[PDB]
């Protein structure tokens, strides 16, 4: 937990998020275009960081914004509120949203708590926890989140894992036979989700989606995320794993605005995420690839990813276990 908040205490890391124009600009649009959800309202910004989203709420006419931040970035946010002459409308509260007190309930909660695969870092639990401060029938921005999953083919990505692991498959590395560790090295590489982007042409079926409605969901609902899937294959080929991305929707009174990290959309700082299967699966066009993706929360602020999958027509099966806390940036 200390390292987590120390990371967000760096201005360079806040800057990284601020500079993601799709992200920051879409939040600004969502808030300003839904000005009646803000005008003269009370706002909670969960994990304000620099304060940027709270400034957008102020731009849209909010009366009072409580900006809660657990890292030492709270001190820098405070400097910005004073220097932007907004002391009377934005109040920076240092600490965890789970531990602080607010002086009143709010009309609307705003936050950017989305990790890789939507759920990484487990901050959505803090966002849902914050609903203890939300007036009855208050709103949340973002309001819902969709995680999409789809099968891909990438022969070169799959092959790469062996190329790397075959370092160990040599009998005389400076006189040492390394070969006995090759299997362990393979296993290690396959446990890493791959964070990068890709051409949509690699996708072999229409995505399935799993939706969380943040107005209704409880913290505990994010501890175990079960995503069944049944893909009807558009192309014949070897399925090397599943690709993941996510969308959030800001459902306001005037309009619904979407922030998407899909591979069809301009790139964001989240990229997309791919989990390889241990062993690829052959599927022909029209076959069904079924199984479940289970995301199991862990004590390292992340998830273990369990994927089991089969091609129904053949019965050939595969699986993988991945560690979302150890992604490979490709």
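Residue numbers count along the first chain shown, from 1.
### Query
Out of 163-171 and 199-207, which stretch has the higher average CA B-factor listed in the record?
According to the entry, 199-207 carries the higher average C-alpha B-factor.
### Query
Mean C-alpha B factor from the entry: is it higher for 26-34 or for 278-286?
It is 278-286.
#### Entry: Identity of residue with top Cα B-factor, from 126, 120, 111, 84
Across 126, 120, 111, 84, the entry lists the biggest C-alpha B-factor for 84.
### Most elevated Cα B-factor in the entry, residues 135, 223, 240, 182
In this record, 135 carries the highest C-alpha B-factor of the candidates.
### Query
Based on the entry's values, in what third of the chain does the Cα temperature factor of residue 255 lie: lowest, middle or highest?
For residue 255, the deposited C-alpha B-factor lands in the highest third.
### Query
Should residue 263 be placed in the lowest, middle or highest third of its chain by the C-alpha B factor in the entry?
Middle third.
#### Entry: Where the record places residue 154 (Cα B-factor, split into thirds across the chain)
Middle third of the chain for residue 154's C-alpha B-factor.
### Query
In terms of the chain's CA B-factor thirds, is residue 213 lowest, middle or highest?
It falls in the middle third of the chain.
### Message
Test of reading the entry: by CA B factor among the chain's modelled residues, which third contains residue 177?
### Response
Its C-alpha B-factor belongs to the lowest third of this chain's values.
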